[PDB]
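Okay, structure_23.pdb is below, PDB, C-alpha atoms:
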ATOM      1  CA  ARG I  34    -208.134 102.542  14.894
ATOM      2  CA  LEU I  35    -204.860 100.596  14.367
ATOM      3  CA  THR I  36    -201.928 102.117  12.527
ATOM      4  CA  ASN I  37    -198.314 101.134  12.238
ATOM      5  CA  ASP I  38    -196.666 103.828  10.141
ATOM      6  CA  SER I  39    -194.465 106.699  11.369
ATOM      7  CA  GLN I  40    -195.891 109.330   9.016
ATOM      8  CA  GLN I  41    -197.569 108.914   5.668
ATOM      9  CA  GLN I  42    -199.549 109.937   2.569
ATOM     10  CA  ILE I  43    -201.789 106.857   2.613
ATOM     11  CA  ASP I  44    -204.594 108.973   4.150
ATOM     12  CA  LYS I  45    -204.503 111.434   1.266
ATOM     13  CA  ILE I  46    -204.711 108.628  -1.307
ATOM     14  CA  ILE I  47    -207.688 107.055   0.487
ATOM     15  CA  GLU I  48    -209.346 110.368   1.201
ATOM     16  CA  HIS I  49    -208.859 111.560  -2.375
ATOM     17  CA  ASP I  50    -210.403 108.468  -4.035
ATOM     18  CA  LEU I  51    -213.343 108.416  -1.591
ATOM     19  CA  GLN I  52    -214.178 112.105  -2.022
ATOM     20  CA  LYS I  53    -213.770 111.898  -5.797
ATOM     21  CA  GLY I  54    -216.056 108.843  -5.914
ATOM     22  CA  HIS I  55    -218.639 110.485  -3.607
ATOM     23  CA  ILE I  56    -218.283 107.656  -1.136
ATOM     24  CA  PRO I  57    -219.770 108.838   2.211
ATOM     25  CA  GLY I  58    -217.746 106.342   4.206
ATOM     26  CA  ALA I  59    -215.385 103.417   4.072
ATOM     27  CA  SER I  60    -213.139 101.501   6.433
ATOM     28  CA  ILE I  61    -209.741 100.386   5.097
ATOM     29  CA  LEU I  62    -207.612  97.448   6.164
ATOM     30  CA  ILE I  63    -203.998  96.976   5.109
ATOM     31  CA  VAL I  64    -202.218  93.886   6.346
ATOM     32  CA  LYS I  65    -198.596  93.383   5.472
ATOM     33  CA  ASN I  66    -195.988  91.129   7.010
ATOM     34  CA  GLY I  67    -198.527  89.309   9.144
ATOM     35  CA  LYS I  68    -199.810  92.169  11.282
ATOM     36  CA  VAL I  69    -202.309  94.812  10.331
ATOM     37  CA  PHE I  70    -200.389  97.897   9.254
ATOM     38  CA  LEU I  71    -203.432 100.149   9.197
ATOM     39  CA  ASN I  72    -207.081  99.647  10.148
ATOM     40  CA  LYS I  73    -208.952 102.930   9.939
ATOM     41  CA  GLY I  74    -212.274 104.528   9.089
ATOM     42  CA  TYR I  75    -212.780 107.420   6.683
ATOM     43  CA  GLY I  76    -215.933 109.451   6.160
ATOM     44  CA  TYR I  77    -219.314 108.738   7.715
ATOM     45  CA  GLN I  78    -221.052 105.361   8.031
ATOM     46  CA  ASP I  79    -224.269 107.320   8.591
ATOM     47  CA  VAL I  80    -224.722 110.822   7.190
ATOM     48  CA  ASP I  81    -227.903 111.666   9.169
ATOM     49  CA  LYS I  82    -226.886 110.302  12.574
ATOM     50  CA  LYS I  83    -223.556 111.837  11.671
ATOM     51  CA  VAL I  84    -221.586 108.793  12.791
ATOM     52  CA  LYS I  85    -217.946 108.260  11.729
ATOM     53  CA  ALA I  86    -217.094 105.054   9.850
ATOM     54  CA  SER I  87    -214.690 102.869  11.861
ATOM     55  CA  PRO I  88    -213.000  99.448  11.970
ATOM     56  CA  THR I  89    -216.120  98.329  13.896
ATOM     57  CA  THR I  90    -218.468  99.521  11.152
ATOM     58  CA  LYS I  91    -220.200  96.601   9.435
ATOM     59  CA  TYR I  92    -220.948  96.696   5.711
ATOM     60  CA  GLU I  93    -222.671  94.239   3.387
ATOM     61  CA  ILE I  94    -219.557  92.747   1.764
ATOM     62  CA  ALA I  95    -221.529  91.593  -1.285
ATOM     63  CA  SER I  96    -219.722  89.360  -3.756
ATOM     64  CA  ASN I  97    -216.865  88.989  -1.185
ATOM     65  CA  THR I  98    -219.067  86.406   0.558
ATOM     66  CA  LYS I  99    -218.417  83.958  -2.286
ATOM     67  CA  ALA I 100    -214.921  83.209  -0.966
ATOM     68  CA  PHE I 101    -216.405  81.859   2.286
ATOM     69  CA  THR I 102    -219.035  79.728   0.544
ATOM     70  CA  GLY I 103    -216.358  78.243  -1.706
ATOM     71  CA  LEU I 104    -213.936  77.560   1.123
ATOM     72  CA  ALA I 105    -216.717  75.883   3.119
ATOM     73  CA  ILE I 106    -217.331  73.518   0.188
ATOM     74  CA  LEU I 107    -213.647  72.712  -0.217
ATOM     75  CA  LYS I 108    -213.559  71.932   3.497
ATOM     76  CA  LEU I 109    -216.577  69.652   3.141
ATOM     77  CA  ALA I 110    -214.946  67.973   0.128
ATOM     78  CA  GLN I 111    -211.823  67.348   2.232
ATOM     79  CA  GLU I 112    -213.742  65.899   5.209
ATOM     80  CA  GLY I 113    -215.224  63.477   2.662
ATOM     81  CA  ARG I 114    -218.773  64.711   3.090
ATOM     82  CA  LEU I 115    -219.032  65.673  -0.599
ATOM     83  CA  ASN I 116    -217.038  65.238  -3.754
ATOM     84  CA  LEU I 117    -216.026  68.121  -6.087
ATOM     85  CA  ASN I 118    -216.882  66.015  -9.123
ATOM     86  CA  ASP I 119    -220.210  64.517  -8.082
ATOM     87  CA  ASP I 120    -223.217  66.132  -9.756
ATOM     88  CA  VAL I 121    -225.429  68.641  -7.987
ATOM     89  CA  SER I 122    -228.535  66.412  -8.280
ATOM     90  CA  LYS I 123    -226.898  64.166  -5.674
ATOM     91  CA  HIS I 124    -227.167  67.040  -3.142
ATOM     92  CA  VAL I 125    -230.153  68.931  -4.531
ATOM     93  CA  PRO I 126    -233.422  67.009  -4.766
ATOM     94  CA  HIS I 127    -234.326  67.113  -8.436
ATOM     95  CA  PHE I 128    -231.926  69.584  -9.911
ATOM     96  CA  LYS I 129    -232.341  68.875 -13.589
ATOM     97  CA  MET I 130    -231.147  71.544 -16.017
ATOM     98  CA  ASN I 131    -230.910  71.206 -19.813
ATOM     99  CA  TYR I 132    -229.218  72.398 -23.027
ATOM    100  CA  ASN I 133    -231.055  72.198 -26.274
ATOM    101  CA  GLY I 134    -232.827  68.930 -26.191
ATOM    102  CA  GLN I 135    -231.797  67.229 -23.056
ATOM    103  CA  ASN I 136    -230.664  67.675 -19.520
ATOM    104  CA  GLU I 137    -227.054  68.169 -18.588
ATOM    105  CA  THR I 138    -225.249  66.930 -15.476
ATOM    106  CA  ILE I 139    -223.668  69.830 -13.560
ATOM    107  CA  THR I 140    -220.726  69.087 -11.277
ATOM    108  CA  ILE I 141    -219.986  70.877  -8.059
ATOM    109  CA  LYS I 142    -216.596  72.035  -9.393
ATOM    110  CA  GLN I 143    -218.401  73.488 -12.395
ATOM    111  CA  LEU I 144    -220.442  75.630  -9.975
ATOM    112  CA  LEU I 145    -217.333  76.807  -8.145
ATOM    113  CA  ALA I 146    -215.789  77.271 -11.571
ATOM    114  CA  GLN I 147    -218.717  79.364 -12.825
ATOM    115  CA  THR I 148    -218.766  77.218 -15.962
ATOM    116  CA  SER I 149    -221.993  75.464 -15.010
ATOM    117  CA  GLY I 150    -223.902  77.184 -17.803
ATOM    118  CA  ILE I 151    -226.378  79.045 -15.572
ATOM    119  CA  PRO I 152    -227.564  82.532 -16.645
ATOM    120  CA  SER I 153    -226.483  85.439 -14.391
ATOM    121  CA  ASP I 154    -229.142  88.121 -13.811
ATOM    122  CA  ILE I 155    -232.340  89.996 -14.558
ATOM    123  CA  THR I 156    -234.486  87.022 -15.526
ATOM    124  CA  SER I 157    -236.810  87.872 -12.639
ATOM    125  CA  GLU I 158    -237.123  91.564 -13.531
ATOM    126  CA  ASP I 159    -237.672  94.100 -10.755
ATOM    127  CA  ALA I 160    -236.235  92.804  -7.494
ATOM    128  CA  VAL I 161    -238.776  90.200  -6.290
ATOM    129  CA  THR I 162    -240.307  86.700  -6.727
ATOM    130  CA  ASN I 163    -243.838  86.018  -8.047
ATOM    131  CA  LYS I 164    -244.019  83.012  -5.782
ATOM    132  CA  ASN I 165    -242.246  84.102  -2.636
ATOM    133  CA  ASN I 166    -239.387  81.671  -2.394
ATOM    134  CA  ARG I 167    -237.440  84.423  -0.647
ATOM    135  CA  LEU I 168    -235.539  81.670   1.155
ATOM    136  CA  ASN I 169    -232.610  79.606   0.022
ATOM    137  CA  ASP I 170    -234.619  77.071  -1.932
ATOM    138  CA  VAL I 171    -234.146  78.919  -5.182
ATOM    139  CA  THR I 172    -233.682  75.702  -7.133
ATOM    140  CA  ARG I 173    -237.116  76.105  -8.690
ATOM    141  CA  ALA I 174    -236.102  79.519 -10.008
ATOM    142  CA  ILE I 175    -232.821  78.578 -11.575
ATOM    143  CA  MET I 176    -234.529  75.629 -13.194
ATOM    144  CA  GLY I 177    -236.909  77.847 -15.118
ATOM    145  CA  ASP I 178    -234.516  78.714 -17.937
ATOM    146  CA  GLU I 179    -232.100  76.824 -20.166
ATOM    147  CA  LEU I 180    -228.321  76.802 -19.899
ATOM    148  CA  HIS I 181    -226.318  79.142 -22.156
ATOM    149  CA  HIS I 182    -223.775  76.370 -22.910
ATOM    150  CA  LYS I 183    -223.182  72.765 -21.858
ATOM    151  CA  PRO I 184    -221.828  72.562 -18.323
ATOM    152  CA  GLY I 185    -218.042  73.124 -18.431
ATOM    153  CA  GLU I 186    -217.839  74.783 -21.882
ATOM    154  CA  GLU I 187    -217.786  78.519 -21.054
ATOM    155  CA  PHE I 188    -217.522  80.964 -18.092
ATOM    156  CA  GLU I 189    -220.495  83.097 -16.943
ATOM    157  CA  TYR I 190    -220.478  85.020 -13.700
ATOM    158  CA  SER I 191    -223.682  84.229 -11.893
ATOM    159  CA  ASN I 192    -224.781  84.457  -8.262
ATOM    160  CA  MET I 193    -226.837  81.279  -8.722
ATOM    161  CA  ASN I 194    -223.628  79.209  -8.794
ATOM    162  CA  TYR I 195    -222.576  80.110  -5.299
ATOM    163  CA  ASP I 196    -226.209  80.193  -4.280
ATOM    164  CA  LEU I 197    -226.581  76.549  -5.216
ATOM    165  CA  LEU I 198    -223.313  75.749  -3.442
ATOM    166  CA  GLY I 199    -225.012  77.380  -0.479
ATOM    167  CA  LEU I 200    -227.745  74.715  -0.556
ATOM    168  CA  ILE I 201    -225.191  71.987  -0.924
ATOM    169  CA  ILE I 202    -223.668  73.228   2.267
ATOM    170  CA  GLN I 203    -227.099  73.338   3.928
ATOM    171  CA  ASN I 204    -228.299  69.966   2.678
ATOM    172  CA  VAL I 205    -225.048  68.113   3.443
ATOM    173  CA  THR I 206    -224.401  69.804   6.776
ATOM    174  CA  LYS I 207    -228.008  69.299   7.907
ATOM    175  CA  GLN I 208    -228.180  72.832   9.291
ATOM    176  CA  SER I 209    -228.902  76.211   7.741
ATOM    177  CA  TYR I 210    -226.185  77.738   5.604
ATOM    178  CA  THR I 211    -225.983  80.766   7.966
ATOM    179  CA  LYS I 212    -225.733  78.524  11.033
ATOM    180  CA  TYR I 213    -222.961  76.398   9.506
ATOM    181  CA  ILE I 214    -220.641  79.237   8.357
ATOM    182  CA  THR I 215    -221.034  80.954  11.685
ATOM    183  CA  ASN I 216    -220.426  77.797  13.734
ATOM    184  CA  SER I 217    -217.782  76.146  11.552
ATOM    185  CA  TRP I 218    -215.975  79.312  10.471
ATOM    186  CA  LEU I 219    -216.881  82.764  11.720
ATOM    187  CA  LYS I 220    -216.743  81.867  15.416
ATOM    188  CA  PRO I 221    -213.572  79.688  15.226
ATOM    189  CA  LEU I 222    -211.870  82.477  13.195
ATOM    190  CA  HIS I 223    -212.776  85.009  15.897
ATOM    191  CA  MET I 224    -215.052  86.908  13.532
ATOM    192  CA  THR I 225    -217.480  87.360  16.413
ATOM    193  CA  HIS I 226    -219.316  90.334  14.898
ATOM    194  CA  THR I 227    -219.880  88.942  11.413
ATOM    195  CA  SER I 228    -223.407  88.015  10.343
ATOM    196  CA  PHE I 229    -225.820  87.650   7.426
ATOM    197  CA  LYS I 230    -228.381  90.106   6.132
ATOM    198  CA  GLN I 231    -232.117  89.922   6.669
ATOM    199  CA  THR I 232    -234.429  92.880   7.493
ATOM    200  CA  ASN I 233    -232.377  95.291   5.371
ATOM    201  CA  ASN I 234    -232.584  98.102   7.913
ATOM    202  CA  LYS I 235    -229.404  98.802   9.810
ATOM    203  CA  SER I 236    -228.917  99.093  13.526
ATOM    204  CA  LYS I 237    -226.339 101.213  15.307
ATOM    205  CA  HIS I 238    -223.178  99.343  14.303
ATOM    206  CA  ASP I 239    -224.220  98.527  10.767
ATOM    207  CA  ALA I 240    -223.383 101.058   8.109
ATOM    208  CA  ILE I 241    -226.186 102.719   6.186
ATOM    209  CA  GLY I 242    -226.230 101.877   2.466
ATOM    210  CA  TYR I 243    -226.134 104.850   0.113
ATOM    211  CA  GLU I 244    -227.045 105.119  -3.517
ATOM    212  CA  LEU I 245    -226.215 108.158  -5.668
ATOM    213  CA  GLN I 246    -229.231 110.054  -6.998
ATOM    214  CA  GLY I 247    -227.728 112.655  -9.300
ATOM    215  CA  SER I 248    -224.595 113.622  -7.404
ATOM    216  CA  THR I 249    -225.680 113.159  -3.781
ATOM    217  CA  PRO I 250    -226.018 109.987  -1.679
ATOM    218  CA  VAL I 251    -229.531 108.952  -0.716
ATOM    219  CA  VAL I 252    -230.278 106.083   1.627
ATOM    220  CA  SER I 253    -230.950 102.858  -0.257
ATOM    221  CA  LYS I 254    -232.939  99.871   0.962
ATOM    222  CA  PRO I 255    -232.849  97.496  -2.049
ATOM    223  CA  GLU I 256    -235.325  94.603  -2.054
ATOM    224  CA  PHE I 257    -233.429  91.337  -1.795
ATOM    225  CA  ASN I 258    -233.790  87.609  -2.074
ATOM    226  CA  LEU I 259    -232.561  85.465   0.768
ATOM    227  CA  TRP I 260    -231.353  82.778  -1.662
ATOM    228  CA  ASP I 261    -228.598  85.199  -2.587
ATOM    229  CA  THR I 262    -227.189  85.167   0.996
ATOM    230  CA  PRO I 263    -224.346  82.697   0.171
ATOM    231  CA  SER I 264    -223.131  84.805  -2.758
ATOM    232  CA  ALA I 265    -223.727  88.416  -1.634
ATOM    233  CA  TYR I 266    -225.238  89.039   1.839
ATOM    234  CA  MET I 267    -222.525  88.663   4.492
ATOM    235  CA  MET I 268    -222.184  91.660   6.827
ATOM    236  CA  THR I 269    -218.736  91.991   8.352
ATOM    237  CA  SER I 270    -216.277  94.670   9.541
ATOM    238  CA  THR I 271    -212.595  95.426   8.771
ATOM    239  CA  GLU I 272    -211.972  94.384  12.390
ATOM    240  CA  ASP I 273    -213.288  90.867  11.699
ATOM    241  CA  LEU I 274    -211.863  90.584   8.168
ATOM    242  CA  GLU I 275    -208.524  91.224   9.887
ATOM    243  CA  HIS I 276    -208.613  87.591  11.069
ATOM    244  CA  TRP I 277    -209.873  86.426   7.640
ATOM    245  CA  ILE I 278    -207.079  88.192   5.791
ATOM    246  CA  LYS I 279    -204.277  86.802   7.994
ATOM    247  CA  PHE I 280    -205.799  83.361   7.563
ATOM    248  CA  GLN I 281    -205.742  83.619   3.772
ATOM    249  CA  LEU I 282    -202.132  84.935   3.796
ATOM    250  CA  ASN I 283    -200.490  82.553   6.288
ATOM    251  CA  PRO I 284    -202.905  79.755   7.086
ATOM    252  CA  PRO I 285    -202.025  77.334   9.870
ATOM    253  CA  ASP I 286    -200.460  74.179   8.482
ATOM    254  CA  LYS I 287    -203.554  72.002   8.583
ATOM    255  CA  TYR I 288    -205.272  74.549   6.374
ATOM    256  CA  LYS I 289    -202.570  75.475   3.878
ATOM    257  CA  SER I 290    -203.517  72.890   1.277
ATOM    258  CA  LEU I 291    -207.181  73.704   1.642
ATOM    259  CA  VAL I 292    -206.449  77.398   1.319
ATOM    260  CA  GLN I 293    -204.084  76.875  -1.612
ATOM    261  CA  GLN I 294    -206.709  74.797  -3.387
ATOM    262  CA  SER I 295    -208.948  77.785  -2.686
ATOM    263  CA  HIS I 296    -206.659  80.026  -4.819
ATOM    264  CA  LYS I 297    -205.861  77.467  -7.566
ATOM    265  CA  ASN I 298    -207.565  78.454 -10.857
ATOM    266  CA  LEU I 299    -210.641  76.712 -12.223
ATOM    267  CA  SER I 300    -211.629  78.620 -15.324
ATOM    268  CA  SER I 301    -210.521  81.617 -17.294
ATOM    269  CA  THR I 302    -212.205  85.041 -17.493
ATOM    270  CA  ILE I 303    -211.869  87.836 -19.976
ATOM    271  CA  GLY I 304    -214.077  90.456 -18.481
ATOM    272  CA  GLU I 305    -212.736  91.305 -15.061
ATOM    273  CA  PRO I 306    -210.162  94.087 -15.180
ATOM    274  CA  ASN I 307    -207.021  92.626 -13.633
ATOM    275  CA  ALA I 308    -207.931  88.974 -13.790
ATOM    276  CA  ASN I 309    -207.323  86.179 -16.275
ATOM    277  CA  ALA I 310    -209.103  83.429 -14.330
ATOM    278  CA  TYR I 311    -211.461  82.578 -11.468
ATOM    279  CA  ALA I 312    -210.870  80.158  -8.589
ATOM    280  CA  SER I 313    -213.162  79.250  -5.673
ATOM    281  CA  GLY I 314    -214.639  82.665  -4.814
ATOM    282  CA  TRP I 315    -211.582  84.609  -6.009
ATOM    283  CA  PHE I 316    -210.409  86.302  -9.191
ATOM    284  CA  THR I 317    -206.829  85.487 -10.049
ATOM    285  CA  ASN I 318    -203.766  87.040 -11.628
ATOM    286  CA  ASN I 319    -201.077  84.403 -11.312
ATOM    287  CA  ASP I 320    -198.538  86.372 -13.302
ATOM    288  CA  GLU I 321    -198.847  89.273 -10.880
ATOM    289  CA  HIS I 322    -199.105  86.959  -7.891
ATOM    290  CA  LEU I 323    -202.464  88.403  -6.944
ATOM    291  CA  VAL I 324    -205.732  86.944  -5.630
ATOM    292  CA  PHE I 325    -208.638  89.350  -5.200
ATOM    293  CA  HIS I 326    -212.365  89.815  -5.633
ATOM    294  CA  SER I 327    -214.586  92.849  -6.044
ATOM    295  CA  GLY I 328    -218.016  92.958  -4.440
ATOM    296  CA  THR I 329    -220.769  95.259  -5.696
ATOM    297  CA  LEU I 330    -224.395  95.756  -4.645
ATOM    298  CA  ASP I 331    -226.670  98.755  -5.334
ATOM    299  CA  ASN I 332    -225.878 100.509  -2.082
ATOM    300  CA  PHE I 333    -222.530  98.928  -1.179
ATOM    301  CA  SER I 334    -219.160  98.368  -2.762
ATOM    302  CA  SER I 335    -216.204  96.448  -1.443
ATOM    303  CA  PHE I 336    -212.879  94.924  -2.439
ATOM    304  CA  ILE I 337    -210.446  92.338  -1.057
ATOM    305  CA  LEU I 338    -206.886  91.990  -2.406
ATOM    306  CA  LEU I 339    -204.494  89.255  -1.391
ATOM    307  CA  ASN I 340    -200.955  88.623  -2.386
ATOM    308  CA  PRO I 341    -199.986  85.304  -0.882
ATOM    309  CA  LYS I 342    -196.464  86.076  -1.996
ATOM    310  CA  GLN I 343    -195.171  89.160  -0.215
ATOM    311  CA  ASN I 344    -197.640  88.614   2.584
ATOM    312  CA  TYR I 345    -199.841  91.711   2.271
ATOM    313  CA  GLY I 346    -203.583  92.279   1.934
ATOM    314  CA  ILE I 347    -205.707  95.284   1.072
ATOM    315  CA  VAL I 348    -209.364  95.501   2.114
ATOM    316  CA  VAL I 349    -211.646  98.380   1.229
ATOM    317  CA  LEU I 350    -215.232  98.459   2.452
ATOM    318  CA  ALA I 351    -217.394 101.352   1.443
ATOM    319  CA  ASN I 352    -221.035 102.237   1.720
ATOM    320  CA  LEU I 353    -221.539 103.176  -1.892
ATOM    321  CA  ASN I 354    -221.203 101.306  -5.156
ATOM    322  CA  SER I 355    -218.281 103.028  -6.864
ATOM    323  CA  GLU I 356    -215.626 102.289  -9.435
ATOM    324  CA  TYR I 357    -213.307 104.132  -7.132
ATOM    325  CA  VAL I 358    -213.117 101.226  -4.709
ATOM    326  CA  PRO I 359    -211.169  99.062  -7.202
ATOM    327  CA  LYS I 360    -209.124 102.191  -8.065
ATOM    328  CA  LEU I 361    -208.285 102.710  -4.416
ATOM    329  CA  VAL I 362    -206.717  99.267  -4.013
ATOM    330  CA  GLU I 363    -204.594  99.922  -7.105
ATOM    331  CA  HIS I 364    -203.223 103.137  -5.599
ATOM    332  CA  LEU I 365    -202.826 101.361  -2.240
ATOM    333  CA  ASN I 366    -201.173  98.375  -3.972
ATOM    334  CA  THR I 367    -198.490 100.348  -5.860
ATOM    335  CA  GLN I 368    -197.627 101.649  -2.375
ATOM    336  CA  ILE I 369    -196.078  98.263  -1.460
TER
END
Encoding of this model in structure tokens:
Amino acid sequence: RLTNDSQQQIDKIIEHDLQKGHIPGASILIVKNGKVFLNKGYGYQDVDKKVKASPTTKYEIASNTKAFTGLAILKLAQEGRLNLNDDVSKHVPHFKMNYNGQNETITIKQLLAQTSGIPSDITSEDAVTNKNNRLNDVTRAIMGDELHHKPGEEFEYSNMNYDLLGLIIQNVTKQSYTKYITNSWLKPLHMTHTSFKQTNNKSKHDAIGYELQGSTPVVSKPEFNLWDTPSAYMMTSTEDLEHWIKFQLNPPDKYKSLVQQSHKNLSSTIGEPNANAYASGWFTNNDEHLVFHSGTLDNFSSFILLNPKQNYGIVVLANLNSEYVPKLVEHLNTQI
């Protein structure tokens, strides 16, 4: 329950936003100047077992997974195993997707860029697949519908982009996506407790996912597709992210270029609140010197803020989907 601060009002800021958002529990990580300044749990990870959220509590990070997927690709691109410009059909078997009359080549970069032209959500209706391709090979599903624009024309935030990058990782690496990230990244990084979601029912160290019915939290077990694991299903803790945050802030020399490329912008956005553009699993504000991404699922909500300049990071993981998570980093940000 790490803290390096003599006395402070940080707790009251955290505790106020959580209580006002009806967030049962969250663990908060603040890393500034290359060492964690505070790692602490607030509220309950499980209301019924009455267990206190802690740095060891694991939450489904959601959309925060995207950063990993994207970095994995960049790493592959660097090793020479794939090329950011080569089309996806070179790594996916018959990935043909069209606009209007005819099919349109989609580059890898365009997937990272979220400019691929793939539609975002709700095509499949109520949380399941008619033919149970629960597993990664979702290519058949994406293929069903036409692109909104030619690849590279306009930005659309879709899980499918990073989902397809997930395959690319699996097909190229010749091992399951999960297996690769763990072996290549999570283990080397020392993120020994980080894993991917299947089952959907939490064990002792996993945090229970809550979803507000009326004004009170109720346990939520949302039906999920495994193909979404690259984009939104990583389950980590603030204790593991600790390594991930320090890596993104001051990467070891061999990784600085790769990491920097990770933050470099690929397309612009006009819908995220504090962001003008998106790069490789991260929203960007270059003018403010900020790199962040918000993750939201039905029963979880999380946020990761990085300022490569000024060497500080803010991580908020909470067990409920609430606006207040983004709000909390803002209040925690102005504090530095």
Where does the PyMOL selection byres ((chain I and resi 192) around 9) land in this file, that is, which residues does it pick, as a PyMOL selection string? chain I and resi 96+99+153-154+190-191+193-197+261+263-265
Could you list, as a PyMOL selection string, every residue within 9 Å of region 88-92 of chain I, counting all atoms listed in the file and ignoring same-chain residues fewer than 5 positions away? chain I and resi 34-35+59-62+72-74+78+226-227+238-242+267-273+333-335+350-352
Could you spell out the hits of the PyMOL selection byres ((chain I and resi 324) around 8) on the shown file, as a list in words?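 Those residues are residues 296, 315, 316, 317, 318, 319, 322, 323, 325, 326, 338, 339, 340 and 341 of chain I.
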Proximity to residue 145 (chain I) - best of I:345, I:213, I:188, I:128, all atoms listed in the file: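 Of all the options, I:188 lies closest to residue 145 (chain I).
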What separates CA of residue 177 (chain I) and CA of residue 157 (chain I) is a distance of 10.3 Å
Shortest interatomic distance to residue 357 (chain I) - which of I:81, I:38, I:119, I:48, counting all atoms listed in the file: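 The closest residue to residue 357 (chain I) is I:48.
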The PyMOL selection byres ((chain I and resi 150) around 9) resolved against shown file, as a PDB file with C-alpha atoms, keeping the file's coordinate frame:
ATOM      1  CA  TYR I 132    -229.218  72.398 -23.027  1.00  0.00           C
ATOM      2  CA  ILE I 139    -223.668  69.830 -13.560  1.00  0.00           C
ATOM      3  CA  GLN I 143    -218.401  73.488 -12.395  1.00  0.00           C
ATOM      4  CA  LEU I 144    -220.442  75.630  -9.975  1.00  0.00           C
ATOM      5  CA  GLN I 147    -218.717  79.364 -12.825  1.00  0.00           C
ATOM      6  CA  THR I 148    -218.766  77.218 -15.962  1.00  0.00           C
ATOM      7  CA  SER I 149    -221.993  75.464 -15.010  1.00  0.00           C
ATOM      8  CA  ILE I 151    -226.378  79.045 -15.572  1.00  0.00           C
ATOM      9  CA  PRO I 152    -227.564  82.532 -16.645  1.00  0.00           C
ATOM     10  CA  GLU I 179    -232.100  76.824 -20.166  1.00  0.00           C
ATOM     11  CA  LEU I 180    -228.321  76.802 -19.899  1.00  0.00           C
ATOM     12  CA  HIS I 181    -226.318  79.142 -22.156  1.00  0.00           C
ATOM     13  CA  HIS I 182    -223.775  76.370 -22.910  1.00  0.00           C
ATOM     14  CA  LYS I 183    -223.182  72.765 -21.858  1.00  0.00           C
ATOM     15  CA  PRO I 184    -221.828  72.562 -18.323  1.00  0.00           C
ATOM     16  CA  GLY I 185    -218.042  73.124 -18.431  1.00  0.00           C
ATOM     17  CA  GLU I 186    -217.839  74.783 -21.882  1.00  0.00           C
ATOM     18  CA  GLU I 187    -217.786  78.519 -21.054  1.00  0.00           C
ATOM     19  CA  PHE I 188    -217.522  80.964 -18.092  1.00  0.00           C
ATOM     20  CA  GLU I 189    -220.495  83.097 -16.943  1.00  0.00           C
TER      21      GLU I 189
END
Kindly give the distance, in Å, that separates CA of residue 259 (chain I) and CA of residue 169 (chain I), rounded to a single decimal. 5.9 Å
